[PDB]
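Engineer: Protein chains in written order, with the entry's author numbering: chain Bt, 9 to 51; chain Bx, 35 to 196; chain Bf, 35 to 142; chain BN, 2 to 178; chain BV, 55 to 209; chain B9, 63 to 100. My questions all concern the structure below.
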Amino acid sequence: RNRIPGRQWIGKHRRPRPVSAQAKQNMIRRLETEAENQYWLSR
Amino acid sequence: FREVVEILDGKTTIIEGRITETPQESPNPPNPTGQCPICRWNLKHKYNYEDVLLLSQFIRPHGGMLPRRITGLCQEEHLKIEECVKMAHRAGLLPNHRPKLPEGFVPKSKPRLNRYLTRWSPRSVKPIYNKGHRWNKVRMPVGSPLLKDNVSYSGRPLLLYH
Amino acid sequence: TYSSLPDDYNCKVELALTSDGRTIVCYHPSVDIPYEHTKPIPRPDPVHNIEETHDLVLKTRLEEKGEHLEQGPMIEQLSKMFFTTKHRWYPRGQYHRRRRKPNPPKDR
Amino acid sequence: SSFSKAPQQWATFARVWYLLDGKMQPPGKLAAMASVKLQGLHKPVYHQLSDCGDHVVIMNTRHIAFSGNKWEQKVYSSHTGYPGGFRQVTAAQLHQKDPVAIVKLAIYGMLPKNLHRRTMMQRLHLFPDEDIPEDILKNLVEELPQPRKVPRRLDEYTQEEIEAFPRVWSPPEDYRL
Amino acid sequence: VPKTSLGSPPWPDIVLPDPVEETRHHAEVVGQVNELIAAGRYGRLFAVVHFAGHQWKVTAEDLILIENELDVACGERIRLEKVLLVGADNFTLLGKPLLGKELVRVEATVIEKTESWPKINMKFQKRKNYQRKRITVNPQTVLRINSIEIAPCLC
Amino acid sequence: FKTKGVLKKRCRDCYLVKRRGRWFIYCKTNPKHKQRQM
RNA sequence: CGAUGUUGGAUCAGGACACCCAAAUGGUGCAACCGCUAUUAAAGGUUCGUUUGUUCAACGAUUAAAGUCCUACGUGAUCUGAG
Ligand SMILES: [Mg+2]
Ligand SMILES: [Mg+2]
Ligand SMILES: [Mg+2]
Ligand SMILES: [Mg+2]
Ligand SMILES: [Mg+2]
Ligand SMILES: [Mg+2]
Ligand SMILES: [Mg+2]
Ligand SMILES: [Mg+2]
Ligand SMILES: [Mg+2]
Ligand SMILES: [Mg+2]
Ligand SMILES: [Mg+2]
Ligand SMILES: [Mg+2]
Ligand SMILES: [Mg+2]
Ligand SMILES: [Mg+2]
Ligand SMILES: [Zn+2]
Ligand SMILES: [Zn+2]
Numbered sequence: 009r010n011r012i013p014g015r016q017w018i019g020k021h022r023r024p025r026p027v028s029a030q031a032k033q034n035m036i037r038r039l040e041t042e043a044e045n046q047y048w049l050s051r
Numbered sequence: 035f036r037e038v039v040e041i042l043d044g045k046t047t048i049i050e051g052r053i054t055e056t057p058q059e060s061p062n063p064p065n066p067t068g069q070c071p072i073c074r075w076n077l078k079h080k081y082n083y084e085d086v087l088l089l090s091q092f093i094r095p096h097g098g099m100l101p102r103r104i105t106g107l108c109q110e111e112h113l114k115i116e117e118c119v120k121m122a123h124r125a126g127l128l129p130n131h132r133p134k135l136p137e138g139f140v141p142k143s144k145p146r147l148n149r150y151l152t153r154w155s156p157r158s159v160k161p162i163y164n165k166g167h168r169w170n171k172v173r174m175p176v177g178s179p180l181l182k183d184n185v186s187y188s189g190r191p192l193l194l195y196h
Numbered sequence: 035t036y037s038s039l040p041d042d043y044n045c046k047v048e049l050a051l052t053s054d055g056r057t058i059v060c061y062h063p064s065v066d067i068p069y070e071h072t073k074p075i076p077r078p079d080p081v082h083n084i085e086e087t088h089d090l091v092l093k094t095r096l097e098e099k100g101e102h103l104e105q106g107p108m109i110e111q112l113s114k115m116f117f118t119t120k121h122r123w124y125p126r127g128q129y130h131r132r133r134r135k136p137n138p139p140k141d142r
Numbered sequence: 002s003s004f005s006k007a008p009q010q011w012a013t014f015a016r017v018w019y020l021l022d023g024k025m026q027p028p029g030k031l032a033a034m035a036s037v038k039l040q041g042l043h044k045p046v047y048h049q050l051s052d053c054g055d056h057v058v059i060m061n062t063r064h065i066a067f068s069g070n071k072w073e074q075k076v077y078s079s080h081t082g083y084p085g086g087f088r089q090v091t092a093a094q095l096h097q098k099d100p101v102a103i104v105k106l107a108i109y110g111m112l113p114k115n116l117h118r119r120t121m122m123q124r125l126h127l128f129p130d131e132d133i134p135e136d137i138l139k140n141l142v143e144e145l146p147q148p149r150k151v152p153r154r155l156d157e158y159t160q161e162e163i164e165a166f167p168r169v170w171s172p173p174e175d176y177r178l
Numbered sequence: 055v056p057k058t059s060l061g062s063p064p065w066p067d068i069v070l071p072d073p074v075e076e077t078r079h080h081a082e083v084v085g086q087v088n089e090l091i092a093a094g095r096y097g098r099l100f101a102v103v104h105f106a107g108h109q110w111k112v113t114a115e116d117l118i119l120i121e122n123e124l125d126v127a128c129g130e131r132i133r134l135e136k137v138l139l140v141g142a143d144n145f146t147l148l149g150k151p152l153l154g155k156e157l158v159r160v161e162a163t164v165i166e167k168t169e170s171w172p173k174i175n176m177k178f179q180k181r182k183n184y185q186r187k188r189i190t191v192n193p194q195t196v197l198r199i200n201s202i203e204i205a206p207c208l209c
Numbered sequence: 063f064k065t066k067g068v069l070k071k072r073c074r075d076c077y078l079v080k081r082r083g084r085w086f087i088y089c090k091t092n093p094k095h096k097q098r099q100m
């Protein structure tokens, strides 16, 4: 009943899939690792 | 507490205000310097809808809430306690806090449906016939957003919409 | 005394660590069911078909019990008795009967 | 341990009857554990192909509780197949028509979607009240704990606990309730 | 003290025994297990061991199949050095992560040095005319676990 | 009653009350001021 | 495009509600009858004729009304071929 026009992920109207707490935590962990890397690459 | 009594005799009416003894605050509050009752008894973010021993301390004998200027609560605590009282009344807790109607208690009706953590009024919600798909899902609210700051021992946030 | 798990169900766990610290030992003797936690065996013995005039006929009456039903009601009775569905009891064709292994492997 | 092969097999794969009181319990939390018991996912000898599955007897089905406004919001949709035969019945109306229906549908939904679902649903017994036939009653082994702790109402509280709980505020004497 | 739903944590409060009493009880339990081992009152022992990249739970008179060839002749005895767990009807010894060579000794006799049945490995791509067929015949070895011994050198 | 997305009082006698899950401008002096939040 | 056969009509209609009728109401610059708007409701209905191939459209007589659309502008392995 709730059709998605066109394809799900390419068109102007896409699927409104949200961002999860797991995704946020994974990105935060990656950011922490990169911050440590750029600290070690300083001196 | 004050009560008003009426006496009728020979087409003459006399109303009298009688004062009876009322309970006072407990002698030792854990945080005496707090300006607010709950916030000085250290119940902030500690009560729920099922804590009737606390929710019934200040409600009228017919289930109505008490004014903030009389209770002494801060605004957020007053709103939280009002919502908790509503949820308890809908869930069926506090069964003696209702008006007595002998004429209306005789015509029994359909058995009451058990419920808890009810946010809206039972007579004001329309059934969700469509319910949506995964991308646009119509969620059913459970509990209240005012109690989202309560202490969570498990650490998982409360599911207020499910 | 101390135990992480209750000692009420079939073994008594006692954990310990060796003095070196590199080995965890545990003594778990089995637990017997106490006599007070059991009930006497029920005995069912009733011979209501016995006749005071002809014992041979009495035995024949109790031994000649027979009953027959159609496939439908019989399968319904079997499903009700074994708490299954009616579809389990229907037979299968030759293609499925002849492809069963005559000598399935056995372990132990 | 020193059992013969056949009695050891019978003991290992024997069916067990569990009891579950559904009074003031969420049907979903009842159905999750009921479905676990029905599938047999609580046995270390469990396998999909094996017929390891135990019977679950749920009583007090009429006295289940829905959290929130699900009683008036949750709907159940059926279609008779004929044109114009699409019915959407509210949860409260379905419960009034048939108390067993709510928990039966919950367990059916939570069960796996294979052909074994019907077979393990035939092993589920639902009773609106505490009126169980003696034949089923004599089969019970243990009663599983209720998933939700039911809070006690105010008049059910003991006077000792009521007086033990402190008065957080002191109402004025002149105020009238 | 108020008693609300969230005023107390929703799990039983745990109290642990004092360390010196715990150590004394551990010494007593270790001594009892050691005296049982010395008396030899254990009937049959099973052992979880690490061998050829896998962990096997084996008893005496047991058979195991290893998916790689060993540098031994058939009928040779081999001591399985990595023993993670030993157990009997009454006691059970765990390693951290391994037990002692002087504590446990497991022997296995090599029986058969053979090759596995032909396993099929075929890759196929739709409408790309890519088919690749391969036959795998993995060498295998059979080991018979004969005996599992435990010594009273348990401190 | 007029069904509107924004409710505003058109006189001093209009009172706002929440009923049946909606908001309402009810008016007794001027019944034409009856508004219902959609 | 190694064929998804077209308008209109006949037969049978399934569905949506953005309701034409029937039902319950709010406001009227609602006195009554006629009306004008808005809310809720889709189980059931929604005519016969002249001209035109016509969908439309005009006209005649009525009806409680002669609703707007979707369905491969529903339906040609059910029918017509007027265009
Ligand atoms: Mg698409
Ligand atoms: Mg798109
Ligand atoms: Mg073409
Ligand atoms: Mg073709
Ligand atoms: Mg139709
Ligand atoms: Mg409408
Ligand atoms: Mg009308
Ligand atoms: Mg219609
Ligand atoms: Mg078109
Ligand atoms: Mg067409
Ligand atoms: Mg056709
Ligand atoms: Mg045509
Ligand atoms: Mg034809
Ligand atoms: Mg022609
Ligand atoms: Zn406060
Ligand atoms: Zn007004």
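Virtual Cβ for every residue (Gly too), placed ideally from N, Cα, C.
#1: So what does DSSP say about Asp116 (chain BV), is it helix, strand or coil?
#2: Restricting to runs no shorter than 4 residues, where is the alpha helix (DSSP H) found entirely within the stretch 4–31 of chain BN?
#3: Interface residues of chain Bx around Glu73 (chain BN) at Cβ under 7 Å?
#4: Between the stretch 36–48 of chain Bf and chain BV, which residues of the former have CB atoms less than 8 Å from a CB of the latter, in chain order?
#5: DSSP three-state call for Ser171 (chain BN): helix, strand or coil?
#6: Can you pull out the residues from the stretch 76–87 of chain BV whose beta carbon lies closer than 9 Å to at least one beta carbon of chain Bf?
#7: Spell out whether any CB of chain BV is found under 8 Å from the CB atom of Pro63 (chain Bf).
#8: Do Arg84 (chain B9) and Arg72 (chain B9) have their CB atoms nearer than 8 Å?
#9: Could you check where the beta strand (DSSP E) with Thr146 (chain BV) kicks off and where it finishes?
#10: So which residues of chain Bx does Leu139 (chain BV) contact, with C-beta pairs closer than 7 Å?
#11: Might you give, ordered along the chain, the residues of its own chain that have their beta carbon closer than 7 Å to the beta carbon of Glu121 (chain BV), omitting 5 neighbours on each side?
#12: DSSP state of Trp75 (chain Bx), grouped into three classes?
#13: Apply the 10 Å Cβ neighbour rule to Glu123 (chain BV) and answer buried if 16 or more other Cβ atoms are within range, or exposed otherwise.
#14: Which residue's Cα is closest to the Cα of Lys139 (chain BN): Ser3 (chain BN), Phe14 (chain BN), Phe4 (chain BN), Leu20 (chain BN)?
#15: Any C-beta of chain BV sitting closer than 8 Å to the C-beta of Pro45 (chain BN)?
#16: Quick one: Cα of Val46 (chain BN) to Cα of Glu157 (chain BN), how far?
#17: Who are the Cβ neighbours of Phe86 (chain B9) in its own chain at under 6 Å, not counting the five residues just before and after it?
#18: For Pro73 (chain BV), report the span of its alpha helix (DSSP H) as first-last.
#19: Check the C-beta distance from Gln123 (chain BN) over to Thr119 (chain Bf) and give it rounded, since I have them as a contact under 8 Å.
#20: Looking at the unbroken beta strand (DSSP E) that takes in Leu139 (chain BV), where does it start and where does it end?
#21: Which runs of the alpha helix (DSSP H), 4 residues or longer, sit entirely within the stretch 88–157 of chain BN?
#22: Taking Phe87 (chain BN) as the reference, which of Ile93 (chain Bx), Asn164 (chain Bx), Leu77 (chain Bx), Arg132 (chain Bx) has the closest Cα?
#23: Measuring CB atoms only, is the stretch 60–71 of chain BN touching the stretch 138–156 of chain Bx, in the sense that at least three cross pairs come out at less than 8 Å?
#24: Using the beta-carbon count (16 or more within 10 Å), is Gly44 (chain Bx) buried or exposed?
#25: Starting from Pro13 (chain Bt) and walking both ways along the alpha helix (DSSP H), at which residues does that stretch end?
#26: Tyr124 (chain Bf): buried (16+ other C-beta within 10 angstroms of its C-beta) or exposed?
#27: When you compare the CB positions of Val169 (chain BN) and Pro71 (chain Bx), do they come within less than 8 Å of one another, or not?
#28: Residue range of the beta strand (DSSP E) that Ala106 (chain BV) falls in?
#29: Output yes or no for whether 8 Å exceeds the beta carbon distance between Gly126 (chain Bx) and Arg63 (chain BN).
#30: So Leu178 (chain BN) packs on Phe139 (chain Bx), CB below 8 Å; how close in whole Å?
#31: Decide if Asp85 (chain Bx) is buried, meaning its Cβ has at least 16 other Cβ atoms within 10 Å, or exposed.
#32: Which residue wins for smallest C-alpha separation from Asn83 (chain Bf), given the options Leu96 (chain Bf), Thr72 (chain Bf), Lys73 (chain Bf), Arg77 (chain Bf)?
#33: Residues of the stretch 165–176 of chain BN with a CB closer than 9 Å to any CB of chain BV: list them in chain order, please.
#34: Determine the direct distance from the alpha carbon of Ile53 (chain Bx) to that of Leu42 (chain Bx), and round the result to whole angstroms.
#35: Residues in the stretch 112–129 of chain Bf with C-beta within 7 Å of chain BN's C-beta atoms, listed in sequence order?
Structural biologist: So, to answer that:
#1: Correct three-state label for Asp116 (chain BV): strand.
#2: 6–13
#3: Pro156, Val159, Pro161
#4: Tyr36, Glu48
#5: coil
#6: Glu76, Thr77, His79, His80, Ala81, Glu82, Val83, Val84, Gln86, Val87
#7: yes
#8: Contact: no.
#9: 145–149
#10: Correct list: empty, because the minimum Cβ distance to chain Bx is about 33 Å.
#11: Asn192, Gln194
#12: helix
#13: By the neighbour-count rule (16 or more Cβ atoms within 10 Å), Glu123 (chain BV) is not buried but exposed.
#14: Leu20 (chain BN)
#15: no
#16: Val46 (chain BN) and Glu157 (chain BN): Cα-Cα distance of roughly 44 Å.
#17: Only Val79, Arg98 meet the Cβ criterion.
#18: 73–93
#19: 6 Å
#20: For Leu139 (chain BV), the uninterrupted beta strand (DSSP E) run begins and ends at 137–141, by DSSP.
#21: 92–98, 100–111, 117–122, 135–138
#22: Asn164 (chain Bx)
#23: yes
#24: exposed
#25: Note, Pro13 (chain Bt): premise wrong, no alpha helix (DSSP H); not H, not E.
#26: exposed
#27: yes
#28: Per DSSP, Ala106 (chain BV) is not a residue of any beta strand (DSSP E), being assigned neither H nor E.
#29: no
#30: In fact, because the Cβ distance is near 22 Å, the residues do not count as touching under 8 Å.
#31: buried
#32: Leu96 (chain Bf)
#33: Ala165, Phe166, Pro167, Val169
#34: 21 Å
#35: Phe117, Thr118, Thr119
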